[PDB]
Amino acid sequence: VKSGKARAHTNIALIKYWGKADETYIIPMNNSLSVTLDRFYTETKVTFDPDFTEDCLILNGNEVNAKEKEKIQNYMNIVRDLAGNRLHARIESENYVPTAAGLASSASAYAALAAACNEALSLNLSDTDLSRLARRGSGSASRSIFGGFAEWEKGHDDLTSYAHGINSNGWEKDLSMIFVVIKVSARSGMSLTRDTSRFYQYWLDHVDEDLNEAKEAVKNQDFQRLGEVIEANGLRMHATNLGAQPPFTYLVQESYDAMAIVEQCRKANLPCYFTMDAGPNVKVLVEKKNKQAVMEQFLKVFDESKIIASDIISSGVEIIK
C-alpha cells in the first residue's frame, strides 16, 4: 500500500488561458499569468492498493459524479503510465472553500492530486514535470504547483507546455484579492469560442503584448501598470465569448455593478482592478494597504457574506506530513 498527501492552492489568471491548441494533452493557444491564493485550497490524500478494482474518489466526504469519476479514471491512467504500474487508488479530497459560492477549482484539485501521487509513488518529480503532470488534468492546475506569480508557457508538446514560478522580490506579500460572490464549464465554453468565435483572432493578436507588459510591471512592482493590462486582458477574454457561434456570456448585471465599484475606488484614490473567469464572480486585485477601504466600498452595495478577501500565498504546492 502506497500513500501520500498534499495541499494545493487555487490560482487566478491575470493574463487568461482561454482556448486549447491541443485538447488531449491540454496545450494552450497562449501563455498565461496567474497569482496563487492563500485562502482557498484543496487537500488530497491518495492511497494505492493492490486490491482496488477501479479508482475511487471521495470529495468532501461524498462520491463524485459520472463525468468526474470518469475524468479521474482517465487521469489516473496517465499516472499509472508514468509510474509504470497498474495500481488503482482511493482518493480522498477536501476543498477549503466557501460552500456553494462557485469558487471550487480544477486548479487546486489537480495540482494537489499530481503532487500527492508524486509523493505516494515516490517519483521525485521536478516542479516542471509536476506542472506537466497537473496540466494533463486541467490546464490551470499547471500553475498551482507554484505560489505567488506564476506563468504557464504554452510550448508545443507534452514536454514543453508547463508553468514556472516568478520571483517578484516578495511583491506578492503586498497584494490581495477580494472576491465578490454572485452553467457552461470553462473547458466547453472555451472550446466553442476557440473553434467558432468571430473575435478569437483579435484575442490572439493582443495576448502576447499584454503578457509582456504584465511581466514587465511585475519586475518593477508597478501596481497600476499591471492592473490596467490584466483588466483589459480580462475583458477581452469575455469579448471572445460574445463572438462565439452562438454567443454566450459568463457575466450578469451584478458582475457589472461590482466592476463599476472598482472604477469608483480608483477615482477615490484606492487603486484596484478586476477580473472574471468562467462565472459572474468578480475578483478584485488590490494592495493590502487599501484592501479594507475597497472592501468597505463594496459593503455599501453587496452583502457582507458575499465579500471575501484572500492574500496571495508565496509558497507553492506542499506535501502534508
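Numbering starts at 1 and runs along the sequence shown.
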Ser185 dropped in a third or more of the other entries: yes
Chain break class for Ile182 to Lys183, judged by how many deposited residues have no coordinates: 4 to 9
Selected stretch [higher average CA B-factor]: 59-67 or 288-296: 59-67
Of 42-50 and 27-35, the one with larger mean CA B-factor: 42-50
Residue selected from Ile261, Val282, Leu270, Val252 by maximal Cα B factor: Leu270
Candidate set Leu211, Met237, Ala104, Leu159 [ranked by C-alpha B-factor, highest]: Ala104
Third of chain Cα B-factors occupied by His206: middle
For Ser140, the third of its chain into which the C-alpha B factor falls: lowest
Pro98 - Cα temperature factor, lowest/middle/highest third of chain: highest
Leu121, C-alpha B-factor rank within chain (lowest, middle or highest third): highest
Entry-reported Cα temperature factor of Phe223, expressed as the chain third it lands in: middle
